[PDB]
Structures are given as C-alpha cells and as structure tokens.
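A quick write-up on the structure given underneath.
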Amino acid sequence: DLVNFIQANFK
Amino acid sequence: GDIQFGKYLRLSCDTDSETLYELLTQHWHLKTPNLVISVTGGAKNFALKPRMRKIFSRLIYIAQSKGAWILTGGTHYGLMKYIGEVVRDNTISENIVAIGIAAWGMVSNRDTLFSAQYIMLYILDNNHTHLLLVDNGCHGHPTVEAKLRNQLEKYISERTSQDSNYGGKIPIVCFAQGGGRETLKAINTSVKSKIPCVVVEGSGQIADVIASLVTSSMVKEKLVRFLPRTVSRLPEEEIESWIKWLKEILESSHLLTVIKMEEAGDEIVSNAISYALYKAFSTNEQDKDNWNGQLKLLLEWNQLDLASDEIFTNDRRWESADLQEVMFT
Amino acid sequence: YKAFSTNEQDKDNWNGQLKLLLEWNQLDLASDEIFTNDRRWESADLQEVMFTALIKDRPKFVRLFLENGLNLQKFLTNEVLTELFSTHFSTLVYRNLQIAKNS
Amino acid sequence: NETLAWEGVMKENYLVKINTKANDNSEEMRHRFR
C-alpha cells in the first residue's frame, strides 16, 4: 500500500 | 528517499494539498489541534541572543503542551538549527511533529533512491521529525517553497475539527521573527487569507519596520531607517515592489498583532498568540452572534482578565443556567 | 574609535576594528557595532581574535564570541591547544604543580 | 551518552534558575522610569 501511495504521489 | 539516523520525501508542485494531508494524517500523523508556523530568513546569519532563546523556548513548550504542529524552513540555518536543537532537547526530557519544507533544486550531495544514508548547494538539518523537498525542476534554487506551504496551510485552515472550540476549526497562526524579504512576502500572502500573524518587535530589521508603521514618504524613510545597506543596494525601480507590500501589511490592523519589546512577562508568548487568535474569531462574524463559543475558546487559553472584561462585562442576561457546562469544563 | 571609523583608511577592513575594540574593554560597543546583523563572519572569522581574548583574560568577550556563532569544537581541534599549553603556562604555576605532584 | 544529554538539559534548567534568581531583584522599575 505504501509503495502504491508513493508511486501515485510521484506521478 | 527515506532516511533514518525521520521520514523524507520528494514534493511536486502539482501535488494536491488534500492528498498530502491525507497521507500525513492517515499514515504517520495524528489529528492537528494547532499549526503554529514560524516564518523567518533562511540565511545562515541570525541574531542569536538569550532573548531570542527565551522568546522561542516558551513557544516550543506551548506547542508541545497543546500538541501543535510546527512548520519551519528546515535547512540547518540560524533559527532553524536552533529550533531543531530545542526539539531534540524536549524529546530527551508525548512527541513533537516538525515538518520542514525546503527546495529540492538547492539540495547538494543528492542521493536518489531503500533507506539510503547521507553523510556530510544547500545544507539540510537532520533533526526535524519530517523533511520535505519540493522542486519540479530548475536546479538553480528558485523560490518554490511559497507555492506549496501556503496552500497546505489554507487547506488545513478550512479543515473543520470538532475540538478546542474555535467554531470547530483550526487556528493556523503565523509567527514572524526573521528579517528576510521572503518573510515579508509570506506575511503578505497570509494576510491575503484569513490567517492572523504576530510579529516580534525586536532585533528583526523588517519586523522593526512593520512595528514602527503601527504617506509613502514615511514608508520610504522607515525602510531606510532599517537595513540601510540593503536599501542602498536595491535599485530604485524595485523599491515599489516593496512599498506596496508594506501597505498591504498596514492595510488591515485588525489581524496584525505585535508584541512589546519592553514587556518581560514569562507568559507573554501564550498571551500574544491567544490574543491574536481571539481577534480573528471576534472579527470573523461567522460565530460573532454565538455568545458561548467565545467563552469556551477563551477558557482553554488561560485569559482571566480578558474573560472577565469582555465575555461577562455588563448588560448581558447570561442567567445562572448559562455557566453550567463551561464551569464543568 | 570614532577617528578610526571615520578615517576610511581601514573602514573597508572589517577585522582591525574588532581587534582594536577588544584591547579597549568595550563589550556593548563590540556586540552592537562589530557583529550586529547582516554580516557573514562565519565560524572561521573569530579564530585569532578569540585566541587573543583567551590570552588577554577577556571573559565577557569570550562568552560573546562563543554564543555568537563560534564553534569551540573546531577551534579546540586545532594544534593551537599544544601552543596554548606549551607557552601560555605560568612558570611558577608549573613549578608549584610539579612540587605538589612529587610531594 | 543518553544520561549525559539528560544531565546537560538539567544544567540548562539550573542556569536558567540562576538567571531568574539574579533577575528577581525587581529593579526594572528604575529603567522603566528612565
């Protein structure tokens, strides 16, 4: 979940 | 990059403030009851003095007591380094959250991504609980901090929380002590929104200008009176870009509050913040009709003289059934 | 001090002013005028003047130097310590210390 | 290590106490008058 959130934030 | 020796991250301007707040709160951050934010100069040079230590130790103590978040620059320069040291000291003696936003472009010794460790053209403090770097590009280190910190503050201000009275909202107070022009721009943009600011009427060069202000020729004379070297260096054409700003600072005296240098009270910090916050609620008119929230706010913030003089005063039919819940609290 | 300040011969020089003001016991003037604000002295500017203050027994100036951005760790890390111990020691103090230790 | 840091913090408090005791003369009224 954390990895997905980081990827979404990076865009 | 996440570094531990606190969480770290890279910030993009286009990132939504709501998403950032959701990340913070849901993942690692508890609900915020106060957002004391200090704005000062990021320059290494600072007017360190025992008075400057005393005017900030109490602030840190209050921030811990109320559970407030502290937002600062966070690049290990003068006031920011002292703030980090004091945060560490309080931790040594139930936690303080100190978010420090800086520009990615300035950062030196870059270590791209997983828990990389950095040991050491911008230097960053390693004492802050959380550190953020924001620069979509332009490694020349242009001003980018203003584009995100202000938006985050405004969004959190609108975020209603049913606690600490204050109409189920959050204070979002700005505290100015540094002499930088970036501080002046931050003050201007904060006054643009519904955010009261409190300035120190002490060693701050520009802060002394604003203090004296409370007639463009007088504005120019006052600006010349402080930081004469900077005044001379700046071209005449650019001076306008400052003068107008000062007007915006003096545009409304309702919000802007300043401390008296002569006063030596131990609890001046709390009193000043409380009064500045109270004025905003009083003048907002959103709950001015409501006559009970004002007292509930003034109770949590220790103010006996204000509560006696303003809340009750005279010609008010509170009756014996009005004080029940507030007296219980 | 005013004559040196207005002469303009060494007004550009920003180190001689402090060195003069140290020998003449003036803490308030040194604090207000020399350092003040908007000056990038850095931690490497006070080295020699702080050494001289230690030699000349200027406690208030020592405190002002230390608290006003001076880093004592780096200053002590230098070899000056050896020097400060090889020569600075008073002769009678050394002799009395030796006799006390032996006795 | 940690104990030494705690000792330093308590020292900070001790020095602040000394300064407050020194300032407790309550003679600031003179300079306020001036």
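Please treat every number below as a calculation from the coordinates, not as lab data. Positions of Cβ are generated from backbone atoms using ideal geometry, with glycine treated the same way; all protein chains shown enter the neighbour counts.
Within segment B:103-150, track down each residue that is among the aliphatic types (A, V, I, L, M), out of contact with any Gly (no Cβ under 6 Å at 6 or more places or on another chain) and closer than 29 Å to B:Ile187 by Cβ. Even if it seems obvious, please write down each step before you answer.
At the first step, the residues of segment B:103-150 found to be among the aliphatic types (A, V, I, L, M) are B:103, B:106-107, B:113, B:116, B:119-121, B:123-124, B:131-134, B:144, B:146, B:148.
Right, trim to out of contact with any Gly (no Cβ under 6 Å at 6 or more places or on another chain) and you get B:103, B:106-107, B:119-121, B:123-124, B:132-134, B:144, B:146, B:148.
Answer for segment B:103-150, where residues must be among the aliphatic types (A, V, I, L, M), out of contact with any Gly (no Cβ under 6 Å at 6 or more places or on another chain) and closer than 29 Å to B:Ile187 by Cβ: B:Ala103, B:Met106, B:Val107, B:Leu121, B:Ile123, B:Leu124, B:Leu132, B:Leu133, B:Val134, B:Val144, B:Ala146, B:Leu148.
Hey, could you check segment D:8-34 for residues that are surrounded by fewer than 10 Cβ atoms within 10 Å (Cβ to Cβ) and over 16 Å from the mean Cα position of the chain (by Cα) and say which is nearest to the other protein chains (Cβ to nearest Cβ)?
Among those residues, the one meeting the criterion is D:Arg32.
For segment B:197-250, enumerate the residues that are outside any helix (DSSP H, G or I) and either within 14 Å of another protein chain (Cβ to nearest Cβ) or surrounded by 14 or more Cβ atoms within 10 Å (Cβ to Cβ) (or both).
First, pick out the residues of segment B:197-250 that are outside any helix (DSSP H, G or I): B:197-204, B:214-215, B:226-227, B:234-235.
Passing the criteria: B:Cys197, B:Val198, B:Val199, B:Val200, B:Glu201, B:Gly202, B:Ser203, B:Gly204, B:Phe226, B:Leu227, B:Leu234.
Can you tell me which condition B:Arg53 does not meet? The list is (1) surrounded by 16 or more Cβ atoms within 10 Å (Cβ to Cβ); (2) over 27 Å from B:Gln117 (Cα atoms), and all the others hold.
Only one criterion in (1) surrounded by 16 or more Cβ atoms within 10 Å (Cβ to Cβ); (2) over 27 Å from B:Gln117 (Cα atoms) is unmet by B:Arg53, namely (1).
Scanning segment B:13-34 for residues that are surrounded by 14 or more Cβ atoms within 10 Å (Cβ to Cβ) and among the polar types (S, T, N, Q), which turns out nearest to the chain's Cα centre (by Cα)? Break it down into steps so the answer makes sense when it comes.
Step one: filter segment B:13-34 for residues surrounded by 14 or more Cβ atoms within 10 Å (Cβ to Cβ), giving B:15, B:17, B:20-21, B:23-25, B:29, B:32-34.
Keeping just the survivors that are among the polar types (S, T, N, Q) gives B:15, B:17, B:25, B:32, B:34.
Numbers: B:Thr15: 22, B:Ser17: 18, B:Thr25: 20, B:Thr32: 14, B:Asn34: 10 Å.
Result: B:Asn34.
Residues in segment B:166-196 that are in a helix (DSSP H, G or I), of a type outside the set (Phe, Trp, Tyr) and on the phi > 0 side of the Ramachandran plot: how many?
Let us first name the residues in segment B:166-196 that are in a helix (DSSP H, G or I), namely B:166-168, B:181-192.
Still in the list and also of a type outside the set (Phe, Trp, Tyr): B:167-168, B:181-192.
From the residues that got through so far, the ones that are on the phi > 0 side of the Ramachandran plot too are B:167-168.
Qualifying residue count, segment B:166-196: 2.
Looking only at residues in segment B:21-62 that are outside any loop (DSSP other than H, G, I, E, B), of a type outside the set (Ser, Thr, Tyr) and farther than 30 Å from C:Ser31 by Cβ, which one is farthest from the other protein chains (Cβ to nearest Cβ)?
First, pick out the residues of segment B:21-62 that are outside any loop (DSSP other than H, G, I, E, B): B:21-28, B:37-39, B:50-62.
From what's left, of a type outside the set (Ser, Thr, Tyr): B:22-24, B:26-28, B:37, B:39, B:50-56, B:58-60, B:62.
Subset that is farther than 30 Å from C:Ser31 by Cβ: B:22-24, B:26-28, B:37.
Details: B:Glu22: 9, B:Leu23: 6, B:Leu24: 11, B:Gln26: 9, B:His27: 8, B:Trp28: 10, B:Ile37: 22 Å.
The qualifying residue farthest from the other protein chains (Cβ to nearest Cβ) is B:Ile37.
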